[PDB]
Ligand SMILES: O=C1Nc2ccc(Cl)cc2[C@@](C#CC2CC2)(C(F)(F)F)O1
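This document starts with one chain, in the form solved without this ligand, laid out as structure tokens.
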């Protein structure tokens, strides 16, 4: 029936009315159902019939449920929602199979017509008015309104969830040693008691819910391990995701690629080393999700590559609060990375990827940090703690990167993991001038109205050179100039610059950039055996400065 639980106060958006839209024709199938449902509800009192006095109306329909055979009534409360107040969603995130701890006794149990058991505020009921049309569409349609939370109303969730808790509170309060991973209406009930005491207690829970108006129909996995929960299969000692079929085709569209990458993304939590950089890059050209995109070799692999990883069946284990938490990462290639968390050598709790290209000029160590970061986070959202790491970077590569970096950066208790490809800097700029080294004086300008420009330098050996520029910027110049001074320099150099832009970009020790030019600049710096770089206040009479700037001018 309907539960006693007190209802939740809900107002409309200040100075606004209720819905008032009609009903679009529905198949004779739906209607044939929408009725059979309502009859049952009305009689059960889940909704009362309304007359002329209710000046409101919103549209409905039905979508089939999982198993099917049964229908789900839904109301297009789109409008009402916009017109309703706001709510503070109370579902913070999602639980993770890898977060469950070992239990001697587990069971699960969805709740029957959840939404339709929780009372909906007396007043608001007006708006929830809707109409069930007929077959021939001649005789007027039947008009009703809800008393219990309607399916698809901007607030239903938060209210159901809120409600439930309050309802379970007493039971939880009186049986602390029982855990209950509640998700909306689905209930995960574990404990460490014997089949006896446990199933005994389970029943108590069950009657208590029913007592409060909540139904636990036989759709409750008992001694049914593998319990089905949240998309996984809960075995006594391990879990896993359910069938994760990928779409096998020939003519690919943006939509497809989307349902693909997404589906793979779901996998990435357990099947190690999934990757999508290439496939999802295939979705930069904002277009119709119907628009046929061309699959590229580059990515054609990434598909079939991952398509293989999914052939191997896999599983994960659960959490032990006694053993420590390890996280180890590896570099999958193009700025991508794959980590796996665990406590036991080849007993993976969870696995995860990371391919966020942050910035325009970065390095592996920069990324390898924002990984630790991302990991640290979720590992707390899941285990409420911070995992020790195993990093493919040398205790010293790091020691260097921070004591020498200007910004503050940190990485939790970790330890080296010798296993390529290892991480490291590809060049450490000289912190002092290299004696007996053709000290260069670089610079380059550009006209912002013609988009043309010049770039060049000079040296303590008089050596002079300059190059013309197309569409270049007041920026592209300085660089373009630093680019040559390298190729026009041997193992040991000494370039001096006025521009901060390029100096800073360089001091970052980048080794990855979408900036074409910057690439070579780096690559060159890698070939050189030593390079010093200093800065001088541009446009102020300074030795060597003058001449260079002077030379390149328009």
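Residue numbers count along the first chain shown, from 1.
This next part talks about the form solved in complex with this ligand, which is not shown.
- Contact annotation for residue 421: none of its heavy atoms lies within 4.5 Å of this ligand in the bound PDB entry.
- Although the partner is absent here, residue 103 lies within 4.5 Å of this ligand in the bound PDB entry, judged by heavy atoms.
- The shortest heavy atom separation between residue 181 and this ligand in the bound PDB entry is within 4.5 Å.
- Among residues of the shown chain, residue 323 is not one whose heavy atoms approach this ligand to within 4.5 Å in the bound PDB entry.
- Contact annotation: of the candidates 124, 252, 354, 227, the single residue with a non-hydrogen atom within 4.5 angstroms of this ligand in the bound PDB entry is 227.
- Only one of 120, 329, 234, 276 comes within 4.5 Å of this ligand in the bound PDB entry through a heavy atom, and that residue is 234.
- Contact residues in stretch 292 to 323 (any heavy atom within 4.5 Å of this ligand, taken in the bound PDB entry) are limited to 318.
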